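Read the structure below first, then the notes.
Number of protein chains: 4
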Amino acid sequence: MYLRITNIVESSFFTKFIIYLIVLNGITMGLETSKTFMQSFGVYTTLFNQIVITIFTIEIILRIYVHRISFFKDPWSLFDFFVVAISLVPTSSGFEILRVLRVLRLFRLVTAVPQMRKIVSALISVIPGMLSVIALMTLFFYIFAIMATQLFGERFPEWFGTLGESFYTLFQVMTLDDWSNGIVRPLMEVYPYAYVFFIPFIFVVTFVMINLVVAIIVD
Amino acid sequence: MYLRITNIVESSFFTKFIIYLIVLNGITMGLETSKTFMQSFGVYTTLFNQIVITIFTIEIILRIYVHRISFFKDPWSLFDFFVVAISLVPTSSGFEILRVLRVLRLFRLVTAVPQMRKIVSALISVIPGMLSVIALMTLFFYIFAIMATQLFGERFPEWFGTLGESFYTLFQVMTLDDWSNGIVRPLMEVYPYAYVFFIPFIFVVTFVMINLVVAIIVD
Amino acid sequence: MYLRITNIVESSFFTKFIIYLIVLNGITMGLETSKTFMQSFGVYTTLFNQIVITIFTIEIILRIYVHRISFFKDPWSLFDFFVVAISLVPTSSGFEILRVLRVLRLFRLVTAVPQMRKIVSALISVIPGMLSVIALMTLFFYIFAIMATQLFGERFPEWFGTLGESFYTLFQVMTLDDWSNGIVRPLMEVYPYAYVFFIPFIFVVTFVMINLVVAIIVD
Amino acid sequence: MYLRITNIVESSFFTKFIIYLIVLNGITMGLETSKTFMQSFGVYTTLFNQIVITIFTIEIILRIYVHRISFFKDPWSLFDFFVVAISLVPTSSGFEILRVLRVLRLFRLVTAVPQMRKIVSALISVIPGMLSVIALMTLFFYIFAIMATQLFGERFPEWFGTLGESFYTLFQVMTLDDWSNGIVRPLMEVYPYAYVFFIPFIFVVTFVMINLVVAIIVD
Ligand SMILES: COCCOC(=O)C1=C(C)NC(C)=C(C(=O)OC(C)C)[C@H]1c1cccc([N+](=O)[O-])c1
Ligand SMILES: [Ca+2]
Ligand SMILES: [Ca+2]
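Protein chains in written order, with the authors' numbering: chain C, 1001 to 1219; chain D, 1001 to 1219; chain A, 1001 to 1219; chain B, 1001 to 1219.
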């Protein structure tokens, strides 16, 4: 029984089938975007969705019987679990958002194709080295976001009225997004010396990123 | 017949004649852009076109006889075939997009010069190693265009009205084009939490891009 | 039992005491941004800031006693003195900019945690190898800013009327921020050839920046 | 007189002296940017400019005698020659673009200082390596520019009415500057399929750009 189940879930037919179902669901979720299609052929999909969600639900249960505690030492499987989880909460209730969170289950195609799994892992493996530059930068943002609120948040509350608001504008500036005509020239019309805050800020923020890239390559 | 024609195609005069013609057709094509020129000389160059494409048609036929089945195993020759045949489609009124695709024949400069082919081939060469990331990106992109159409498409039809639209808008944001004042600040006036979609989205698309380039460097 | 004090300053508890203070003071200045907070607890929060500022002043005196002249060849300590000093001038009749400057002491978190210290040390270390190119470029901007003031400052004073203005603007075009529809297309309405100035400038400035990054990594 | 003169121009006193004239003129030329200064100090420095041009002219004449055939095979001196020639153009002639071009002479500071020379020399050495790509890139822009004018020029003449405009605009899209909301989206109000030109256009130009840099690094 234990061996009989185990032999099913690991077969090359179970995985091709589920993957096939993933590929199919993802095609329907695209289709669900057309309100035309919804009108003429969407009660079909509402049930198709619940059919696919169960087969996947079974898959998760089976894999937990087979792998037992080692299922939950698999970051990919926890992900699989958690992704199917949020897809279990009802259409109604909570908030409209959980309904939209359901689309995250297409990320199972990543979980289930070894080629996707390898790219993702390789990418993740870049992260641990960065946790030093990241923390410093987050602090850097925090201090400046504070200076930006007090300086500019009274006359420019949309941009700087709040720490959070100061954080959003500074990120925007960081991505260098319409930073001059859109933010600093207006600021400079009240506060002519605002360029002393943002030009240095940009240097730092551009230096750190470049140097972040050097160290990635070398490491 | 065989050896006489075969002797003309491989000649240094042949390829030189063709190449020189490409440069001429290219100077000439810049001229068909000014309708000042077109009212005073257009008949001269509309047929200069016509005789160039005749020569190219002939040359293509000859190279096929000389190279037989090995012609269509040659990517550059394959290219010339398609790049010439297109320019053979009638200017006649039924479908006038094809008229503009004719300028692509200037890409034969690439085909016929060995220093450029090196570059192109070199460029394409980095692609097969990237295909996995292309897929991953597109799967990421696809999930998010879905999320965007259902989240923002109601109140902001232009930007998220349609899966295709959200794809478009999302492409812009990765490129970092007028993304904040131009898209999410408006989004945030109706939906204050849009930054929880687009700010992670920005970290991700950027993370992958950088790592892709590093992947390019190392590979 | 001569120095007596020296044994306390060098201890694990002293340092951990300052870091715990900064992070509290760092958390405090955040909450000082909430306008609601400054009503409910504004008086409470002023007492905490003043204690810490005293403690820190004490902490600086002790470190001077111990290190003597070796304190003032430590950039990190030099930074600590002037940053603590800043937060101490009277709010009275001065410049009210100094009230905002006192957030700079949150950069002491960097100064007192060697990991951050090493990051800041690593970053600075890319600067001396770069100083040459910084000098060429600064020389490049300075020369073109002059050119831009003379060429476009009559009819476009907001952007180029003054040398600093030509600098700020020129810097913006360099960051490529909103430069065609935002700067050059306007200019070009009065002065049709302005692309011969700005387009080359962009090539140059981007080429250098790109080769600068390249030259650092390879070497 | 020649051999006697040659002993003069190679001395360390000489180089630093002409360098000192550059830096002084470089300072004064900054000053010529101010309306105020020019009002109450203009003739002192209008005079001082003519002196320097003469000295540089004499300096150029001397070095010719010293170097003979070699002078006109020195890249740094050819620059030196012509940028002095510009300043030798008379204060008039109806093309005051040249009056502005005077400040091109401050670049002699680059030719006269070997570390500057070294950076410039280092930078240029990158270029012959890229001549294949620039030709390729310029060929690519040339082709798509043609397509633009015939595709979008009649309804959008400012942006695409003509080759240069298409060139300009295309150059603009390649710096990714306001490309979407500013150019492609408007186009789409009238030409719904414009994303098929510009999005491929962007991918390719980045690809070539990115890959170019990677080639430089490894080599
Ligand atoms: C004619 O009188 C004004 C001259 O002032 C300047 O040349 C500046 C120098 C000296 N230092 C910098 C760093 C500046 C500068 O412009 O730097 C930018 C690159 C950040 C400018 C400046 C000085 C005051 C105000 C502005 N402004 O509002 O554009 C610009
Ligand atoms: Ca912009
Ligand atoms: Ca932009």
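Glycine included, each C-beta is placed from N, C-alpha and C at the ideal position.
Buried/exposed call for residue 1025 of chain B, threshold 16 Cβ in 10 Å: Counting from one through the fourth sequence, the residue named residue 1025 of chain B turns up at place 25. So residue 1025 of chain B ends up on the buried side.
Assigned secondary structure, residue 1214 of chain D (DSSP; H/G/I helix, E/B strand, else coil): Looking up residue 1214 of chain D in the second sequence gives position 214. Under the three-state reduction of DSSP, residue 1214 of chain D is assigned to helix.
For residue 1076 of chain B, three-class secondary structure by DSSP: What you label residue 1076 of chain B is simply residue 76 of the fourth sequence in a count that begins at 1. Of the three classes helix, strand and coil, the one that applies to residue 1076 of chain B here is helix, per DSSP.
Contact list for the region 1021-1039 of chain C against chain D, Cβ threshold 9 Å: Here the close residues are 1026, 1029, 1030, 1032, 1033, 1034.
Beta-carbon contacts of residue 1155 of chain A that lie in its chain and below 6 Å, excluding the five residues immediately before and after: Residue mapping note: residue 1155 of chain A aligns to position 155 of the third sequence, counting from 1. Excluding residues within five positions, the ones whose Cβ falls inside 6 Å are 1190.
Enclosing alpha helix (DSSP H) for residue 1191 of chain C [first to last residue]: Here residue 1191 of chain C corresponds to residue number 191 of the first sequence, with the count starting at 1. DSSP places residue 1191 of chain C outside any alpha helix (DSSP H), giving it a letter other than H or E.
Heavy atom of ligand 3 within 8 Å of residue 1219 of chain D beta-carbon: Position 219 of the second sequence, counted from the first residue, corresponds to residue 1219 of chain D. Closer than 8 Å to some heavy atom of ligand 3: that does not describe the Cβ of residue 1219 of chain D.
Reference residue 1056 of chain A; option with closest CA among A:1075, A:1034, A:1043, A:1016: One-based indexing of the third sequence puts residue 1056 of chain A at position 56. The shortest C-alpha separation from residue 1056 of chain A is found at A:1016.
Residue list, Cβ distance to ligand 3 heavy atoms smaller than 7 Å: Near ligand 3, meaning a beta-carbon closer than 7 Å to one of its heavy atoms, we find C:1177, C:1178, D:1176, D:1177, D:1178, A:1177, A:1178, B:1176, B:1177, B:1178.
Proximity test, residue 1034 of chain C beta-carbon vs ligand 5 heavy atom, cut-off 8 Å: What this structure holds is ligand 1, ligand 2 and ligand 3, not ligand 5.
Limits of the unbroken alpha helix (DSSP H) element including residue 1114 of chain C: Indexing the first sequence from 1 puts residue 1114 of chain C at position 114. Element bounds for residue 1114 of chain C: 1114-1124.
Interface partners of residue 1207 of chain C on chain A, CB under 7 Å: Walking along the first sequence from the start, residue 1207 of chain C turns up at place 207. The answer, in chain order, is 1123.
Amino acids of chain C, ordered along the chain, whose beta-carbon sits closer than 8 Å to that of residue 1136 of chain D: The count along the second sequence starts at 1 and reaches residue 1136 of chain D at position 136. When 8 Å is used as the limit between beta carbons, residue 1136 of chain D is near these residues of chain C: 1110, 1116, 1119, 1120, in chain order.
Contact list for the region 1147-1158 of chain D against chain C, Cβ threshold 7 Å: Listed by position along the chain: 1147, 1149, 1150, 1151.
Extent of the continuous alpha helix (DSSP H) to which residue 1141 of chain C belongs: Position 141 of the first sequence holds residue 1141 of chain C. Counting along the chain, the alpha helix (DSSP H) containing residue 1141 of chain C begins and ends at 1127-1152.
As assigned by DSSP and simplified to three states, the class of residue 1101 of chain D: In the second sequence, residue 1101 of chain D corresponds to position 101, counting from 1. Per DSSP, reduced to three states, the secondary structure at residue 1101 of chain D is helical.
Test item: CB-CB of residue 1208 of chain A and residue 1212 of chain B under 9 Å: Residue numbering aside, residue 1208 of chain A sits at position 208 when the third sequence is read from its first letter. Residue numbering aside, residue 1212 of chain B sits at position 212 when the fourth sequence is read from its first letter. Against a cut-off of 9 Å, the Cβ pair of residue 1212 of chain B and residue 1208 of chain A comes out as no contact.
Closer than 9 Å to chain C by CB, residue 1104 of chain A: Working through the third sequence from its first residue, we reach residue 1104 of chain A at position 104. At least one chain C Cβ lies under 9 Å of residue 1104 of chain A.
Closer than 8 Å: residue 1152 of chain B CB and nearest ligand 1 heavy atom: One-based indexing of the fourth sequence puts residue 1152 of chain B at position 152. False, no ligand heavy atom lies under 8 Å from that Cβ.
For residue 1099 of chain D and residue 1175 of chain B, the rounded distance between their alpha carbons: To locate residue 1175 of chain B, count along the fourth sequence from 1; it is residue 175. To locate residue 1099 of chain D, count along the second sequence from 1; it is residue 99. Straight through space, the alpha carbons of residue 1099 of chain D and residue 1175 of chain B are spaced by roughly 29 Å.
Ligand 1 heavy atom lying under 8 Å from the CB of residue 1162 of chain C: In the first sequence, the residue the question calls residue 1162 of chain C occupies position 162. Result no, Cβ not under 8 Å from ligand 1.
Test item: CB-CB of residue 1151 of chain A and residue 1203 of chain A under 9 Å: Within the third sequence, residue 1151 of chain A is the residue found at index 151, counting from 1. Within the third sequence, residue 1203 of chain A is the residue found at index 203, counting from 1. No; because the gap between Cβ atoms is not below 9 Å, this pair is not in contact.
Chain C within 9 Å of residue 1133 of chain D, Cβ atoms only: Here residue 1133 of chain D corresponds to residue number 133 of the second sequence, with the count starting at 1. Yes, residue 1133 of chain D counts as interfacial toward chain C.
Among A:1091, A:1201, A:1103, the one whose alpha carbon lies nearest that of residue 1023 of chain A: For the purposes of this step, residue 1023 of chain A is taken as residue 23 along the third sequence, with counting starting at 1. Of the candidates A:1091, A:1201, A:1103, the one whose C-alpha sits nearest the C-alpha of residue 1023 of chain A is A:1103.
Residue-level contact to chain D via CB, residue 1182 of chain B, 9 Å cutoff: Residue numbering aside, residue 1182 of chain B sits at position 182 when the fourth sequence is read from its first letter. Chain D contact via Cβ: present.
Chain-ordered residues of the region 1189-1208 of chain A with a beta carbon less than 8 Å from chain B: Listed by position along the chain: 1195, 1199, 1202, 1207, 1208.
Burial state of residue 1220 of chain C, where buried means 16 or more other Cβ atoms lie within 10 Å: Any answer about residue 1220 of chain C is impossible in this case: the structure gives chain C only from 1001 up to 1219.
Listed by chain order, chain D residues near residue 1163 of chain B by CB distance under 8 Å: As a first step, residue 1163 of chain B must be located in the fourth sequence, where it is residue number 163. Those are 1030, 1033, 1034, listed as they occur along chain D.
Cutoff 7 Å; reference residue 1144 of chain B; Cβ partners in own chain excluding five residues on either side: Against the fourth sequence, residue 1144 of chain B aligns to sequence position 144. Only 1170, 1201 meet the Cβ criterion.
Continuous alpha helix (DSSP H) stretch holding residue 1030 of chain D: start and end: The count along the second sequence starts at 1 and reaches residue 1030 of chain D at position 30. Counted as a single uninterrupted DSSP element, the alpha helix (DSSP H) harbouring residue 1030 of chain D occupies residues 1012-1031.
Coarse secondary structure for residue 1001 of chain B, derived from DSSP in three states: For the purposes of this step, residue 1001 of chain B is taken as residue 1 along the fourth sequence, with counting starting at 1. Residue 1001 of chain B: coil per DSSP, three-state reduction.
Within chain B, partners of residue 1052 of chain D - CB distance below 8 Å: As a working note, residue 1052 of chain D is residue 52 in the second sequence. Within 8 Å Cβ-Cβ: nothing; residue 1052 of chain D doesn't reach chain B, min ~15 Å.
Supposed contact pair residue 1066 of chain A and residue 1134 of chain A - C-beta distance, whole angstroms, cut 8 Å: On the third sequence, position 134 is the one that residue 1134 of chain A refers to. On the third sequence, position 66 is the one that residue 1066 of chain A refers to. The Cβ separation is near 37 Å, so there is no contact.
Amino acids of chain C, ordered along the chain, whose beta-carbon sits closer than 9 Å to that of residue 1168 of chain A: Taking the third sequence and counting its residues from 1, one reaches residue 1168 of chain A at position 168. Those within 9 Å of residue 1168 of chain A in chain C are 1180, 1184, 1185, 1188, 1195, 1199.
Rounded straight-line distance, which links the Cα of residue 1014 of chain D to that of residue 1217 of chain D: On the second sequence, residue 1217 of chain D is found 217 positions in, with the first residue counted as 1. On the second sequence, residue 1014 of chain D is found 14 positions in, with the first residue counted as 1. Whole-angstrom Cα-Cα distance: 39 Å.
Near ligand 2: residue 1129 of chain C beta-carbon under 8 Å from a heavy atom: Counted from its first residue, the first sequence places residue 1129 of chain C at position 129. No; taking the cut-off as 8 Å, the Cβ of residue 1129 of chain C has no heavy atom of ligand 2 nearer than that.
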